[PDB]
$ cat my_file.cif   # mmCIF, C-alpha atoms and all ligand atoms
data_data
loop_
_atom_site.label_atom_id
_atom_site.label_comp_id
_atom_site.auth_asym_id
_atom_site.auth_seq_id
_atom_site.Cartn_x
_atom_site.Cartn_y
_atom_site.Cartn_z
CA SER A 5 0.00 0.00 0.00
CA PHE A 6 0.92 3.77 0.18
CA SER A 7 3.94 4.56 2.36
CA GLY A 8 5.72 7.65 3.63
CA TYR A 9 2.65 9.88 3.48
CA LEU A 10 1.98 12.67 5.95
CA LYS A 11 -1.64 12.64 7.18
CA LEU A 12 -3.30 16.06 6.71
CA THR A 13 -6.91 15.18 7.58
CA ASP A 14 -9.13 12.03 8.21
CA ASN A 15 -8.90 11.24 4.46
CA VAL A 16 -6.18 13.40 2.84
CA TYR A 17 -2.52 12.32 2.78
CA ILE A 18 0.50 13.97 1.12
CA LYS A 19 4.00 12.96 0.02
CA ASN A 20 6.87 14.57 -1.88
CA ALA A 21 6.98 12.17 -4.79
CA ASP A 22 6.89 11.78 -8.52
CA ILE A 23 3.34 10.52 -9.22
CA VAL A 24 4.69 8.31 -12.08
CA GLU A 25 7.14 6.67 -9.64
CA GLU A 26 4.43 6.37 -6.91
CA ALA A 27 2.06 4.75 -9.41
CA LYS A 28 4.69 2.24 -10.68
CA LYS A 29 5.49 1.24 -7.09
CA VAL A 30 1.98 1.06 -5.54
CA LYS A 31 -0.04 0.18 -8.72
CA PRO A 32 -3.14 1.91 -7.14
CA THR A 33 -6.69 1.11 -8.22
CA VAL A 34 -6.93 4.75 -9.45
CA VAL A 35 -4.32 7.23 -10.53
CA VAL A 36 -5.62 10.74 -11.25
CA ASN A 37 -4.33 12.54 -14.31
CA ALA A 38 -4.27 16.36 -14.50
CA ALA A 39 -5.99 16.27 -17.87
CA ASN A 40 -7.18 18.92 -20.31
CA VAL A 41 -10.59 18.71 -22.11
CA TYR A 42 -8.97 17.23 -25.21
CA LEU A 43 -7.02 14.55 -23.28
CA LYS A 44 -3.86 15.85 -25.02
CA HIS A 45 -1.22 14.67 -22.54
CA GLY A 46 1.60 16.97 -23.60
CA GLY A 47 3.18 18.26 -20.42
CA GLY A 48 3.11 18.38 -16.63
CA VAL A 49 1.63 15.35 -14.87
CA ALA A 50 -0.29 14.32 -18.06
CA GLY A 51 2.84 14.25 -20.22
CA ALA A 52 4.74 12.31 -17.55
CA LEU A 53 1.96 9.72 -17.01
CA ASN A 54 1.51 9.32 -20.77
CA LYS A 55 5.26 8.91 -21.40
CA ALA A 56 5.32 6.17 -18.67
CA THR A 57 2.63 4.26 -20.61
CA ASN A 58 4.80 4.42 -23.83
CA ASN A 59 2.02 6.68 -25.34
CA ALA A 60 -0.69 3.99 -24.82
CA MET A 61 -2.61 6.49 -22.65
CA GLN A 62 -2.65 9.02 -25.56
CA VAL A 63 -3.75 6.39 -28.13
CA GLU A 64 -6.61 5.33 -25.84
CA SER A 65 -7.47 8.99 -25.12
CA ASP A 66 -7.64 9.94 -28.80
CA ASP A 67 -10.08 7.05 -29.43
CA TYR A 68 -12.14 8.24 -26.41
CA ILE A 69 -12.26 11.84 -27.77
CA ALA A 70 -13.08 10.65 -31.31
CA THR A 71 -16.11 8.81 -29.88
CA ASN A 72 -17.25 11.17 -27.10
CA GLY A 73 -15.94 14.65 -27.80
CA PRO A 74 -14.08 16.77 -25.28
CA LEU A 75 -14.59 16.67 -21.53
CA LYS A 76 -15.97 19.71 -19.67
CA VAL A 77 -13.62 21.82 -17.46
CA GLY A 78 -14.41 20.37 -13.98
CA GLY A 79 -15.30 16.99 -15.51
CA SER A 80 -13.65 13.61 -15.73
CA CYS A 81 -13.58 10.26 -17.43
CA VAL A 82 -12.33 6.84 -16.32
CA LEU A 83 -9.93 5.17 -18.70
CA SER A 84 -7.31 2.40 -18.30
CA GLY A 85 -4.41 2.95 -15.93
CA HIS A 86 -2.15 0.95 -18.31
CA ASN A 87 1.10 -0.06 -16.48
CA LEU A 88 0.48 2.57 -13.74
CA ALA A 89 -2.87 1.75 -12.14
CA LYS A 90 -6.06 -0.33 -12.69
CA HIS A 91 -7.76 2.92 -13.88
CA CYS A 92 -6.79 6.45 -14.69
CA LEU A 93 -9.29 9.09 -13.66
CA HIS A 94 -8.65 11.97 -16.08
CA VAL A 95 -9.82 15.07 -14.24
CA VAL A 96 -9.93 18.51 -15.84
CA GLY A 97 -9.14 21.26 -13.39
CA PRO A 98 -9.44 24.87 -14.63
CA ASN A 99 -6.29 26.14 -16.35
CA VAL A 100 -5.77 29.67 -14.98
CA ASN A 101 -3.22 30.28 -17.84
CA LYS A 102 -6.21 29.80 -20.27
CA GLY A 103 -8.51 32.20 -18.30
CA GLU A 104 -10.62 29.30 -17.00
CA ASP A 105 -12.86 29.85 -13.98
CA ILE A 106 -10.93 28.89 -10.74
CA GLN A 107 -14.34 28.26 -9.05
CA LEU A 108 -14.48 25.05 -11.24
CA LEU A 109 -11.68 23.56 -9.07
CA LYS A 110 -14.25 22.37 -6.50
CA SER A 111 -16.30 20.66 -9.29
CA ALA A 112 -13.08 19.04 -10.52
CA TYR A 113 -12.29 17.65 -7.03
CA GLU A 114 -15.85 16.31 -6.68
CA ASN A 115 -14.96 13.68 -9.30
CA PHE A 116 -12.61 12.10 -6.70
CA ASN A 117 -15.65 11.24 -4.50
CA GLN A 118 -16.68 8.54 -6.98
CA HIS A 119 -13.58 6.48 -6.00
CA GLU A 120 -12.84 5.00 -2.54
CA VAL A 121 -9.08 5.60 -2.80
CA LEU A 122 -6.94 7.56 -5.28
CA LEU A 123 -3.33 8.48 -5.98
CA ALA A 124 -3.52 12.10 -7.23
CA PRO A 125 -1.75 15.32 -8.01
CA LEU A 126 -3.03 18.74 -6.81
CA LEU A 127 -5.56 19.81 -9.44
CA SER A 128 -4.89 23.03 -11.40
CA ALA A 129 -1.41 23.25 -9.81
CA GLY A 130 1.86 23.28 -11.83
CA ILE A 131 1.48 24.29 -15.45
CA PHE A 132 -2.31 24.82 -14.89
CA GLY A 133 -1.40 28.06 -13.05
CA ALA A 134 -3.49 27.94 -9.90
CA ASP A 135 -2.08 28.49 -6.39
CA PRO A 136 -1.24 24.99 -5.06
CA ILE A 137 -2.02 26.13 -1.46
CA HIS A 138 -5.54 27.02 -2.69
CA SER A 139 -5.78 23.64 -4.53
CA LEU A 140 -4.89 21.68 -1.36
CA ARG A 141 -7.51 23.65 0.62
CA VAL A 142 -10.19 22.89 -2.01
CA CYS A 143 -9.08 19.24 -2.00
CA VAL A 144 -9.39 18.81 1.80
CA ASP A 145 -12.74 20.69 1.85
CA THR A 146 -14.24 18.75 -1.13
CA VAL A 147 -12.85 15.21 -1.26
CA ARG A 148 -14.38 12.79 1.28
CA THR A 149 -12.76 9.62 -0.11
CA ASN A 150 -9.12 8.63 0.64
CA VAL A 151 -6.77 10.77 -1.45
CA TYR A 152 -2.98 10.29 -1.51
CA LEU A 153 -1.46 13.42 -2.95
CA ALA A 154 1.90 13.23 -4.73
CA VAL A 155 3.65 16.65 -4.90
CA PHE A 156 6.68 16.51 -7.21
CA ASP A 157 8.48 19.68 -6.08
CA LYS A 158 10.16 19.30 -2.61
CA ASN A 159 10.11 23.04 -2.01
CA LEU A 160 6.38 23.25 -2.81
CA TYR A 161 5.71 20.13 -0.66
CA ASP A 162 7.43 21.81 2.34
CA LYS A 163 5.49 25.05 1.76
CA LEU A 164 2.18 23.11 1.52
CA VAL A 165 2.79 21.16 4.77
CA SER A 166 4.15 24.14 6.76
CA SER A 167 1.24 26.40 5.71
CA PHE A 168 -1.55 23.77 6.09
CA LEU A 169 -4.26 24.98 8.37
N1 LIG B 201 2.88 17.34 -8.82
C1 LIG B 201 3.48 16.45 -9.68
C2 LIG B 201 3.69 14.97 -9.34
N2 LIG B 201 4.38 14.12 -10.12
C3 LIG B 201 4.88 14.66 -11.26
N3 LIG B 201 5.64 14.04 -12.18
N4 LIG B 201 6.03 14.89 -13.18
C4 LIG B 201 5.50 16.07 -12.89
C5 LIG B 201 4.75 16.01 -11.68
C6 LIG B 201 4.03 16.90 -10.88
#
$ encode --input "my_file.cif" --output "structure tokens"
Amino acid sequence: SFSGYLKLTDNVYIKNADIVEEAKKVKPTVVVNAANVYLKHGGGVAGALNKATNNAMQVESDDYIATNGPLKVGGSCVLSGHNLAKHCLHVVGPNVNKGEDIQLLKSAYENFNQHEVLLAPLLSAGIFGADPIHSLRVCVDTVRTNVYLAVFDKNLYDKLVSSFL
């Protein structure tokens, strides 16, 4: 199971870790991807997870988009987890660098409540442009299921833990 996590609340845990490396080690039932509406896994967590699947995640995603069209900002879809997890929950947090409504971050986190336990990154953090301290606050106040947060950057991890109310 998950190891080396700091408990933040009854159901939220956090660790300074590469989510690709965490997923390969634990092989969780669900790994969350920081997806965009087109499931174009170019950079950030999405690019890293996709590269770990040898592009199989992108091939599957393109077939999903061809059939279903794009996701909504705040929405999600469950696809295969490939070599990383049983499933990948592709969740679209608002991208602040695209002028997307930050209030959609709570809607994005609500998707996590459909899964008993998840390995996840902070939604809308990193290249999505939102304040990661705000993302962690929305996470703890929205997610009721067990969420194991992987924060890649050590310096951001320390800031998140030390400022956690
Ligand atoms: N917050 C995270 C977690 N794992 C990551 N792997 N590559 C980029 C990442 C960002």
$ residues_around --input "my_file.cif" --residues "range 109-116 of chain A" --least-positions-apart "5" --cutoff "12 Å" --atoms "all atoms listed in the file" --output "short mmCIF file (atom, residue, chain, number, x, y, z; two decimals) with C-alpha atoms, in the coordinates of the input"
data_model
loop_
_atom_site.label_atom_id
_atom_site.label_comp_id
_atom_site.auth_asym_id
_atom_site.auth_seq_id
_atom_site.Cartn_x
_atom_site.Cartn_y
_atom_site.Cartn_z
CA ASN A 15 -8.90 11.24 4.46
CA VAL A 16 -6.18 13.40 2.84
CA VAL A 34 -6.93 4.75 -9.45
CA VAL A 35 -4.32 7.23 -10.53
CA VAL A 36 -5.62 10.74 -11.25
CA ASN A 37 -4.33 12.54 -14.31
CA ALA A 38 -4.27 16.36 -14.50
CA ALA A 39 -5.99 16.27 -17.87
CA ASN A 40 -7.18 18.92 -20.31
CA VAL A 41 -10.59 18.71 -22.11
CA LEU A 75 -14.59 16.67 -21.53
CA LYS A 76 -15.97 19.71 -19.67
CA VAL A 77 -13.62 21.82 -17.46
CA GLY A 78 -14.41 20.37 -13.98
CA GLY A 79 -15.30 16.99 -15.51
CA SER A 80 -13.65 13.61 -15.73
CA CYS A 81 -13.58 10.26 -17.43
CA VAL A 82 -12.33 6.84 -16.32
CA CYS A 92 -6.79 6.45 -14.69
CA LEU A 93 -9.29 9.09 -13.66
CA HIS A 94 -8.65 11.97 -16.08
CA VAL A 95 -9.82 15.07 -14.24
CA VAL A 96 -9.93 18.51 -15.84
CA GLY A 97 -9.14 21.26 -13.39
CA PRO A 98 -9.44 24.87 -14.63
CA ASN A 99 -6.29 26.14 -16.35
CA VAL A 100 -5.77 29.67 -14.98
CA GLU A 104 -10.62 29.30 -17.00
CA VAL A 121 -9.08 5.60 -2.80
CA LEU A 122 -6.94 7.56 -5.28
CA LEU A 123 -3.33 8.48 -5.98
CA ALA A 124 -3.52 12.10 -7.23
CA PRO A 125 -1.75 15.32 -8.01
CA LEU A 126 -3.03 18.74 -6.81
CA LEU A 127 -5.56 19.81 -9.44
CA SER A 128 -4.89 23.03 -11.40
CA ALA A 129 -1.41 23.25 -9.81
CA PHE A 132 -2.31 24.82 -14.89
CA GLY A 133 -1.40 28.06 -13.05
CA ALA A 134 -3.49 27.94 -9.90
CA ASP A 135 -2.08 28.49 -6.39
CA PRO A 136 -1.24 24.99 -5.06
CA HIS A 138 -5.54 27.02 -2.69
CA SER A 139 -5.78 23.64 -4.53
CA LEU A 140 -4.89 21.68 -1.36
CA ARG A 141 -7.51 23.65 0.62
CA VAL A 142 -10.19 22.89 -2.01
CA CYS A 143 -9.08 19.24 -2.00
CA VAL A 144 -9.39 18.81 1.80
CA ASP A 145 -12.74 20.69 1.85
CA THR A 146 -14.24 18.75 -1.13
CA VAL A 147 -12.85 15.21 -1.26
CA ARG A 148 -14.38 12.79 1.28
CA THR A 149 -12.76 9.62 -0.11
CA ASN A 150 -9.12 8.63 0.64
CA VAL A 151 -6.77 10.77 -1.45
CA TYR A 152 -2.98 10.29 -1.51
CA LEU A 153 -1.46 13.42 -2.95
#
$ closest_atom_pairs --input "my_file.cif" --of "chain A" --to "ligand LIG 201 (chain B)" --cutoff "10 Å" --atoms "only C-alpha atoms and all ligand atoms" --output "JSON lines"
{"residue": "A:19", "atom": "CA", "partner": "B:LIG201", "partner_atom": "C2", "distance": 9.6}
{"residue": "A:20", "atom": "CA", "partner": "B:LIG201", "partner_atom": "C2", "distance": 8.1}
{"residue": "A:21", "atom": "CA", "partner": "B:LIG201", "partner_atom": "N2", "distance": 6.2}
{"residue": "A:22", "atom": "CA", "partner": "B:LIG201", "partner_atom": "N2", "distance": 3.8}
{"residue": "A:23", "atom": "CA", "partner": "B:LIG201", "partner_atom": "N2", "distance": 3.9}
{"residue": "A:24", "atom": "CA", "partner": "B:LIG201", "partner_atom": "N3", "distance": 5.8}
{"residue": "A:25", "atom": "CA", "partner": "B:LIG201", "partner_atom": "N3", "distance": 7.9}
{"residue": "A:26", "atom": "CA", "partner": "B:LIG201", "partner_atom": "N2", "distance": 8.4}
{"residue": "A:27", "atom": "CA", "partner": "B:LIG201", "partner_atom": "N2", "distance": 9.7}
{"residue": "A:37", "atom": "CA", "partner": "B:LIG201", "partner_atom": "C2", "distance": 9.7}
{"residue": "A:38", "atom": "CA", "partner": "B:LIG201", "partner_atom": "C6", "distance": 9.1}
{"residue": "A:47", "atom": "CA", "partner": "B:LIG201", "partner_atom": "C4", "distance": 8.2}
{"residue": "A:48", "atom": "CA", "partner": "B:LIG201", "partner_atom": "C4", "distance": 5.0}
{"residue": "A:49", "atom": "CA", "partner": "B:LIG201", "partner_atom": "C4", "distance": 4.4}
{"residue": "A:50", "atom": "CA", "partner": "B:LIG201", "partner_atom": "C4", "distance": 8.0}
{"residue": "A:51", "atom": "CA", "partner": "B:LIG201", "partner_atom": "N4", "distance": 7.8}
{"residue": "A:52", "atom": "CA", "partner": "B:LIG201", "partner_atom": "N4", "distance": 5.2}
{"residue": "A:53", "atom": "CA", "partner": "B:LIG201", "partner_atom": "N3", "distance": 7.5}
{"residue": "A:124", "atom": "CA", "partner": "B:LIG201", "partner_atom": "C2", "distance": 8.0}
{"residue": "A:125", "atom": "CA", "partner": "B:LIG201", "partner_atom": "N1", "distance": 5.1}
{"residue": "A:126", "atom": "CA", "partner": "B:LIG201", "partner_atom": "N1", "distance": 6.4}
{"residue": "A:127", "atom": "CA", "partner": "B:LIG201", "partner_atom": "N1", "distance": 8.8}
{"residue": "A:128", "atom": "CA", "partner": "B:LIG201", "partner_atom": "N1", "distance": 10.0}
{"residue": "A:129", "atom": "CA", "partner": "B:LIG201", "partner_atom": "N1", "distance": 7.4}
{"residue": "A:130", "atom": "CA", "partner": "B:LIG201", "partner_atom": "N1", "distance": 6.7}
{"residue": "A:131", "atom": "CA", "partner": "B:LIG201", "partner_atom": "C6", "distance": 9.1}
{"residue": "A:136", "atom": "CA", "partner": "B:LIG201", "partner_atom": "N1", "distance": 9.5}
{"residue": "A:153", "atom": "CA", "partner": "B:LIG201", "partner_atom": "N1", "distance": 8.3}
{"residue": "A:154", "atom": "CA", "partner": "B:LIG201", "partner_atom": "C2", "distance": 5.2}
{"residue": "A:155", "atom": "CA", "partner": "B:LIG201", "partner_atom": "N1", "distance": 4.1}
{"residue": "A:156", "atom": "CA", "partner": "B:LIG201", "partner_atom": "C2", "distance": 4.0}
{"residue": "A:157", "atom": "CA", "partner": "B:LIG201", "partner_atom": "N1", "distance": 6.7}
{"residue": "A:158", "atom": "CA", "partner": "B:LIG201", "partner_atom": "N1", "distance": 9.8}
{"residue": "A:160", "atom": "CA", "partner": "B:LIG201", "partner_atom": "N1", "distance": 9.1}
{"residue": "A:161", "atom": "CA", "partner": "B:LIG201", "partner_atom": "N1", "distance": 9.1}
$ write_last_selection --input "my_file.cif" --atoms "C-alpha atoms" --output "short mmCIF file (atom, residue, chain, number, x, y, z; two decimals), in the coordinates of the input"
data_model
loop_
_atom_site.label_atom_id
_atom_site.label_comp_id
_atom_site.auth_asym_id
_atom_site.auth_seq_id
_atom_site.Cartn_x
_atom_site.Cartn_y
_atom_site.Cartn_z
CA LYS A 19 4.00 12.96 0.02
CA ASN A 20 6.87 14.57 -1.88
CA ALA A 21 6.98 12.17 -4.79
CA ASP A 22 6.89 11.78 -8.52
CA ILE A 23 3.34 10.52 -9.22
CA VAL A 24 4.69 8.31 -12.08
CA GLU A 25 7.14 6.67 -9.64
CA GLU A 26 4.43 6.37 -6.91
CA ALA A 27 2.06 4.75 -9.41
CA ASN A 37 -4.33 12.54 -14.31
CA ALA A 38 -4.27 16.36 -14.50
CA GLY A 47 3.18 18.26 -20.42
CA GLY A 48 3.11 18.38 -16.63
CA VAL A 49 1.63 15.35 -14.87
CA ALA A 50 -0.29 14.32 -18.06
CA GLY A 51 2.84 14.25 -20.22
CA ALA A 52 4.74 12.31 -17.55
CA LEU A 53 1.96 9.72 -17.01
CA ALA A 124 -3.52 12.10 -7.23
CA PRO A 125 -1.75 15.32 -8.01
CA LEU A 126 -3.03 18.74 -6.81
CA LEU A 127 -5.56 19.81 -9.44
CA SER A 128 -4.89 23.03 -11.40
CA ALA A 129 -1.41 23.25 -9.81
CA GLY A 130 1.86 23.28 -11.83
CA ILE A 131 1.48 24.29 -15.45
CA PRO A 136 -1.24 24.99 -5.06
CA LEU A 153 -1.46 13.42 -2.95
CA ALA A 154 1.90 13.23 -4.73
CA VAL A 155 3.65 16.65 -4.90
CA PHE A 156 6.68 16.51 -7.21
CA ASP A 157 8.48 19.68 -6.08
CA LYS A 158 10.16 19.30 -2.61
CA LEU A 160 6.38 23.25 -2.81
CA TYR A 161 5.71 20.13 -0.66
#
$ residues_near_point --input "my_file.cif" --point "(5.5, 1.5, -21.1)" --cutoff "12 Å" --atoms "all atoms listed in the file" --output "list in words"
residues 24, 28, 52, 53, 54, 55, 56, 57, 58, 59, 60, 61, 62, 85, 86, 87 and 88 of chain A
$ closest_residue --input "my_file.cif" --among "A:11, A:64, A:102, A:70" --to "residue 84 in chain A" --atoms "all atoms listed in the file"
A:64
$ atom_distance --input "my_file.cif" --atom1 "CA of residue 137 in chain A" --atom2 "CA of residue 83 in chain A"
28.3 Å
$ closest_residue --input "my_file.cif" --among "A:7, A:72, A:118, A:13" --to "residue 165 in chain A" --atoms "all atoms listed in the file"
A:13
$ closest_residue --input "my_file.cif" --among "A:69, A:63, A:89, A:18" --to "residue 31 in chain A" --atoms "only C-alpha atoms"
A:89
$ atom_distance --input "my_file.cif" --atom1 "CA of residue 12 in chain A" --atom2 "CA of residue 29 in chain A"
22.1 Å
